[PDB]
Every structure is written in C-alpha cells, then in structure tokens.
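J.: partial complex follows, first chain(s) only, in situ:
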Amino acid sequence: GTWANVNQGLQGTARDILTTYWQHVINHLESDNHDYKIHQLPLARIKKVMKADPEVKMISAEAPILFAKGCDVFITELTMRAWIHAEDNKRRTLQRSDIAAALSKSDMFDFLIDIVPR
Amino acid sequence: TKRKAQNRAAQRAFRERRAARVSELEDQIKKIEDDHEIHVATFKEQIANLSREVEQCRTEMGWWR
Amino acid sequence: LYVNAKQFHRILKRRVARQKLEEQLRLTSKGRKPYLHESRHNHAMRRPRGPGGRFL
C-alpha cells in the first residue's frame, strides 16, 4: 500500500489537507532543482543521532541528506495532523496532548508509543 | 614505498575475502539443497498420511453404500 | 488494541537499545535540563534587557 499511509486515522476535510501536502511534496521533489547543502535540520546532528547506536559503524553521505528531507516532511505532517485536534477543541496553542492525539490515529506512529504513551 | 605495501596486503585480504565468499556460497547451496530435500520428503509423507486417512473414511462411507 | 506487526520487531529491538544506551549515559532521570551550555546561560543574563524583557 504505497499511498495507503498518506490518509490513515483521518476523515473528511483532514485527509484532503494531508493529501494536498503530499502531492505538493511530490511536485517540489519532482520539478524544483535541490541545493543539497541547504537544509532546515543540520546533517551533522542527523549523522550523530544515527551514530549514537554502536551497532552502526560507517554511514554514507546520502542517508543523512535523505533523513533531513524525510524528517522535515515527517514533522510538518505530524504537526499539521496535531493542529486538527487543537482547532477541533477551539485551541490556538498546540499541546503535547494534541500531538499524542494525532499519533494514535494511524498505526504508522506505533514506534513512538514509548515516547508519548499518555 | 610503505604506501605500496599497504596496497599489496589490502589486495591479499580482498583476494582472501573473495576466496572465502565463493566457498561460503558453494557450501550455502549444498546446505539449502539438503534442507529442501528434507522438506519435500516431509510433505510427501504428510500427503500419504492424509491420503491414507481418506481411504479409511472413504471405504467406511461405501460400507453404508 | 493491536500494534503494527511490521514495526513490532524493531520497537522491541529499540526498547532494549534505548535502555542499554540510557544506562551507559546514566541519565536514569527522564527530565530535561533547564539550560545546556554555561557561557550561553551566562551571556543570556549579561545582555541588556528592555521594559518587556526584550534584548536591546
């Protein structure tokens, strides 16, 4: 299920918002010329996070670059997902609970159960 | 030079790494072939045990017929 | 209550790795520190503040 994970635990208007983001994420990745130096998240720290596991020894220059983009999307996707809960409960302040709420919706965020059990 | 010698021993290690893997693969094919020969004989017996189980039930039904 | 069977294997593998590394760090406390670096915590106080707490 290649595009099954895009719309999980979401219903009605919530799916449409996330789908438009992925189609934009695709379009930008497909068309726009990428400066692989420019990143929101610094590559050094992504490599350190990886190298923190003694199991890992040597890493390619690519893997950090892929995570940087893969993370920028991951955050943006969750943060948006979480906003729907806040906006649903008439809050203009994103809370730990609003994230916790979004994470439960999809069985894709089952790895974060230890991070925010709530 | 000393660098040149660092290449010799590095290749002698590379040639040993290929010699090990070609032997490892040749052994892995023999292992898999034996494991697979056990599984095919296992199921054939299970088919025969089930097939024999039918002949019992099937000869019992014909007895009422 | 059923967790993703694809992720399951790795969630257990990580649960171990998270614990072993945490014991090696000896940070048995889950709480984050108030600040990180002394000099920046020192500089944060050093700088001239305004009427609303804004830096000059």
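T.: Great, that's in hand. Residues are numbered from 1 along each chain as shown, chains lettered A, B, ... in the order given.
J.: could you report the neighbour count for the residue in chain C that chain A sits nearest to?
T.: The shortest separation between chain C and chain A is 4.4 Å, found at residue C:4 (distances taken as CB to the nearest CB). Yep, even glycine has a C-beta here, placed from its N, CA and C like the rest. Counted with other CB atoms under 10 Å in any protein chain shown, the burial measure for residue C:4 works out to 14 neighbours.
J.: pretty sure it contacts residue A:106?
T.: No - with contact taken as CB atoms under 8 Å, residue C:4 and residue A:106 are classed as non-touching, separated by 9.2 Å.
J.: need the overlap of contacts for the two.
T.: Counting by CB atoms under 8 Å, 6 or more residues apart in numbering or on different chains, no residue touches both residue C:4 and residue A:106.
J.: can you tell me the helix or strand for the residue nearest to the spatial centre of chain A?
T.: Closest to where the C-alpha atoms of chain A average out (CA atoms, centre = their mean) is residue A:74, at 1.0 Å. Counting by DSSP states H and E, the element that carries residue A:74 is helix A:62-88.
J.: show me what counts as buried in the longest helix along chain C.
T.: The helix that spans the most residues within chain C, counting by DSSP state H, is helix C:5-25. Within helix C:5-25, the residues scored as buried using 16 or more other CB atoms under 10 Å in any protein chain shown are residue C:7.
J.: build in chain D:
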Amino acid sequence: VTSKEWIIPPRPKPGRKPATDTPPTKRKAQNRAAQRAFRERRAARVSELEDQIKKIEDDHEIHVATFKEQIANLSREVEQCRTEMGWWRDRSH
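T.: Chain D added:
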C-alpha cells in the same frame, strides 16, 4: 495520490579507469582481451551463483505453496468424508 515512476540510478562503480587507448601490437591486444575475459568470466560466476541461490529459493517457494495447497485440499477431503459418512450412518439407523 499521483507520482511519476522514477528509477534510482546505480552509484558510480569504483575501480581503475578502463583503458580507452588501443594496444599497438596484436600480441598485447589478444592478451588484454583474454585477461579482460578472465576478470569478466570470474566476476560473473559469483553473481550467477547468487542467481542460482534465488533460483532454488523461488523454485522451492512455489513447491512449498503447491504442497501446502495439496494437503489443505486433502485435509478438507477428510473433514468432508468424515461428516458426509456421519449423515449416511445415522440415516441407515
């Protein structure tokens, strides 16, 4: 969602630059060509053995699927024959 079918190009193969210059004598031409065949032939067999691994792996998986199907059918035949026999038995009585 919509996305084009992109294809990952393989990362540049390491090694010495393949000599572009033609050898000027046939005795060194037949040599390099025959040694090119030496490296071509040996490097291929280890890949052909990794294929031979997958050939047995896949030819066994379809066999496993066929035997695990054949016993399930012959497993139903028993349960069918068991209850059907039950129906002919108690109707004789």
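J.: for chain C, see how far away the residue nearest to the centre of chain A is.
T.: With distances taken as CB to the nearest CB, to the nearest Å, residue A:74 is found 15 Å from chain C.
J.: need the phi and psi values for residue 3.
T.: Just so you know, I chose chain A. The phi and psi values for residue A:3, taken as degrees, to the nearest 10, are phi -120, psi 20.
J.: oops, wrong one, chain B.
T.: phi -60, psi -50.
J.: returning to what we had before: just the CA trace of the next helix or strand after the longest helix of chain C, in CSV.
T.: Counting by DSSP H and E, the next helix or strand C-terminal to helix C:5-25 is helix C:38-46. What follows is helix C:38-46, C-alpha atoms only, in CSV (Å, rounded to 0.1, in the frame of the first residue of the first chain):
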residue,chain,number,x,y,z
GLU,C,38,27.2,27.7,30.9
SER,C,39,28.6,30.5,28.6
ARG,C,40,25.2,31.0,26.8
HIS,C,41,23.3,30.8,30.1
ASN,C,42,25.9,33.4,31.4
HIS,C,43,25.5,35.6,28.2
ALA,C,44,21.7,35.4,28.4
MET,C,45,21.9,37.2,31.8
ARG,C,46,24.8,39.5,30.7
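J.: state the helix or strand in which residue A:46 lies.
T.: Short version: residue A:46 belongs to helix A:43-51, going by DSSP H and E.
J.: here's chain E, add it to the model above:
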Amino acid sequence: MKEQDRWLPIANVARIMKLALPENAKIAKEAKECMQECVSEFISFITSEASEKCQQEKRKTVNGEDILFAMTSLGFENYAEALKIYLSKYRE
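T.: Now chain E, sitting on the chains shown earlier:
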C-alpha cells in the same frame, strides 16, 4: 559522544512546526520538546533496521538504498517512494 547527540536541535524542529501551522498559531515548549523526541526516534528507529540488514550482508557502510528499503520494511511506503525521488536526483 555527547548526551543530546541522540536528539536534534529544538529551535530547528520548532521552526519547521511554526511553518507547518498558520501565523496566528502558538506551540507549547512541551510539544516542541515532544516533536524533537519523535523525529529523533524516527531516525534511530529506521537506522536500526537498515543497520541490522547491513550486518547480514556484512557491509560496514550504510547507503541511501538501505534506508529506503528499511522504511518500506517498517511500513513507511509514502516516505520511501518519496525519498526515491530525492536520491535519484542526487545520484545523477
């Protein structure tokens, strides 16, 4: 190795979240720190699966294909098929 090497910079993650939301929205120090832990785990989670597969083939180096493969193994297809596009434009 430092203690906070296992996380990413809070400011950077917080900046990405700020952009994800409207201008009028606000984010809790708690939530910023939470997201930080989640995205930091996201890396460590995937990397652990890619690494254990590397140690089967006996490859010390971990390349992009091992990450993309690790993601589809753990059920992040949309991410894996999306980063194929970024890797394919890098590789050429």
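J.: so, the buried residues of helix C:5-25 revisited with chain E in the model?
T.: Under the neighbour-count criterion of 16+ other CB under 10 Å, helix C:5-25 has C:7, C:10-11, C:13-14, C:17, C:21 buried.
J.: residue B:58 reaches residue D:82, doesn't it?
T.: No - with the criterion set as CB under 8 Å, residue B:58 and residue D:82 do not qualify as a contacting pair; they are 10.2 Å apart.
J.: near the residue nearest to residue D:11 when sequence neighbours are not counted, how many other residues are there?
T.: Spatially, and ignoring its direct neighbours in sequence, residue D:11 is nearest to residue E:91 (6.2 Å; CB to CB, 6 or more residues apart in numbering or on different chains). With neighbours defined by other CB under 10 Å, the count for residue E:91 comes to 14.
J.: which ones are touching residue E:91?
T.: Listed by CB under 8 Å, 6+ apart, the contact partners of residue E:91 are D:8-11.
J.: run the last query once more with 7 Å
T.: D:8-9, D:11 (CB atoms under 7 Å, 6 or more residues apart in numbering or on different chains).
J.: now, of these, which are buried?
T.: Neighbour-count burial (16+ other CB under 10 Å) applied to the contacts of residue E:91 gives no buried members.
J.: re earlier: and the residue nearest to residue D:11, how far from residue C:42?
T.: Remark: distance between residue E:91 and residue C:42 (CB to CB, to the nearest Å) = 47 Å.
J.: on that earlier part again, nearest to residue D:41, of the contacts of residue E:91?
T.: Of all the contacts of residue E:91, the one sitting nearest residue D:41 is residue D:11; the distance, using CB to CB, is 24.8 Å.
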